[PDB]
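Just the one chain here, laid out as structure tokens, in the form deposited in one PDB entry.
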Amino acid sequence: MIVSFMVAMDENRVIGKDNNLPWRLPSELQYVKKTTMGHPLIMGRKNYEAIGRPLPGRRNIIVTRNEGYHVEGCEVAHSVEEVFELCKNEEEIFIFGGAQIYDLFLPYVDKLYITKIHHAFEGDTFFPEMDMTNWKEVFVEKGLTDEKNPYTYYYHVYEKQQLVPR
């Protein structure tokens, strides 16, 4: 099972402001949709509630400690172990954020899909620092910048850097 982080952040790792995206880049979300089609999206409650609804064509799994939390059209999981159990047969899952949710899955992550937005926004929550020497870029592509997508941004995808034995 490939555990993948899916993330959009600015030049200071900002991923949110008052629980929302400080930017509006529909093309970026179109990339998320394409990349995650037919795979579970794993996200924290705050993240889910900020989006407002289930994202169709996807197994939406909301992670909260709250045992009574249910929402129609979504699965709820209360721990990492419960997510791995729910996704036991899945080829790849996408950790969709909440800083705390990324942290929960850090010890297991195999692949990073990172959109880097070339701008500094006002933010209050951040993608945790990561030692990228353990990672190797395998794909990059400049995002579509235009009237609807004002900022300049780049899709990056990273896999584990293999070590050469001494």
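Counting begins at 1, following the sequence as shown. Throughout, rigid core stands for the largest set of C-alpha atoms superposing within 1.5 Å between the two forms.
Participant: Which has higher Cα B-factors on average according to the PDB entry: 50-58 or 24-32?
Facilitator: Here the higher of the two C-alpha B-factor means belongs to 50-58.
Participant: What stretch has the higher average Cα B-factor here, 96-104 or 59-67?
Facilitator: Stretch with the greater average CA B-factor: 59-67.
Participant: By the CA temperature factor listed in this entry, which of these ranks top: 129, 137, 110, 141?
Facilitator: The listed residue with the largest C-alpha B-factor is 129.
Participant: When the modelled residues of the chain are sorted by Cα temperature factor, does residue 19 land in the lowest, middle or highest third?
Facilitator: CA B-factor rank for residue 19: highest third.
Participant: Quick check on the deposited entry: does the C-alpha B-factor of residue 164 sit in the lowest, middle or highest third of its chain?
Facilitator: According to the entry, residue 164 has a C-alpha B-factor in the chain's highest third.
We do not show the form deposited in another entry, though everything after this point is about it.
Participant: So that I can tell if residue 152 moves, could you say whether its C-alpha shifts by at least 2 Å between the shown form and the other one after the core superposition?
Facilitator: No, because once the rigid core is superposed, the C-alpha of residue 152 moves less than 2 Å between the shown form and the other one.
Participant: Taking the rigid core as the frame, does residue 29 move its C-alpha by 2 Å or more between the shown form and the other one?
Facilitator: Superposed on the core, residue 29 moves its C-alpha 2 Å or more between the shown form and the other one.
Participant: Determine, after fitting the two forms on their core, whether residue 124 shows a C-alpha shift of 2 Å or more between the shown form and the other one.
Facilitator: Yes.
Participant: Thinking of the 3 angstroms or more shift, are the C-alphas of residue 42 and residue 128 brought closer or pushed farther apart in the other entry than in this view?
Facilitator: Compared with this form, residue 42 and residue 128 lie farther apart in the other entry.
Participant: Compared with this form, is the residue 117-residue 27 Cα separation smaller or larger in the other entry, the difference being 3 Å or more?
Facilitator: Between the C-alphas of residue 27 and residue 117, the gap narrows in the other entry (3 Å or more compared with this form).
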